[PDB]
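Chemist: Have a look at this one before I ask anything.
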Amino acid sequence: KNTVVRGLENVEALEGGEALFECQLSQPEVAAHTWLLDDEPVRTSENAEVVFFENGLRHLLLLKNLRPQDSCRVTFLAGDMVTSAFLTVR
């Protein structure tokens, strides 16, 4: 069964500016993941980028040009696991 090997850690960044979250897993997951800001899923956009490496062992979220307004709760979700952290801006 697969587990989080390296949780989201909180991130401090100042508007804007950019922030970057990462998250590693025991087993590789490529299809069932989604990132969330507060509770809204990330919409890929020039201001938000989503990728993974090593065939799904590592997951990354990059958010660009932040406004403190943007301070929130980042969640990564893959199948059933779940890891979270805080994004503080400025």
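Each chain in the structure tokens gets a letter, A, B and so on, in the order shown; residues start at 1 in every chain, and ligands are counted from 1 in the order they appear.
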List the neighbours of residue 45 (chain A) out to 12 Å using only C-alpha atoms; skip same-chain residues closer than 3 positions along the sequence, and give me the result as a count of residues only.
Modeler: 10
Chemist: Can you list every residue in chain A that DSSP puts in strand (DSSP E), as number ranges by chain?
Modeler: A: 4-6, 11-13, 18-25, 33-37, 40-41, 48-53, 58-64, 72-78, 81-89
Chemist: Please list as a list in words every residue within 12 Å of residue 20 (chain A), counting only C-alpha atoms and excluding residues in the same chain fewer than 2 positions away.
Modeler: residues 8, 9, 10, 11, 12, 13, 17, 18, 22, 23, 47, 48, 49, 50, 51, 59, 60, 61, 62, 63, 64, 65, 66, 74, 85, 86, 87 and 88 of chain A
Chemist: Could you jot down the CA of residue 2 (chain A) to CA of residue 31 (chain A) separation for me, Å, one decimal place?
Modeler: 13.7 Å
Chemist: Using only C-alpha atoms, can you tell me which of A:19, A:43, A:34, A:56 comes closest to residue 72 (chain A)?
Modeler: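 That would be A:19, the residue with the smallest distance to residue 72 (chain A).
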Chemist: Expressed in Å to a single decimal, how great is the separation between CA of residue 36 (chain A) and CA of residue 70 (chain A)?
Modeler: 12.5 Å
Chemist: One decimal, Å: what's the distance from CA of residue 84 (chain A) over to CA of residue 5 (chain A), could you say?
Modeler: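 Going from CA of residue 84 (chain A) over to CA of residue 5 (chain A), I get 12.9 Å.
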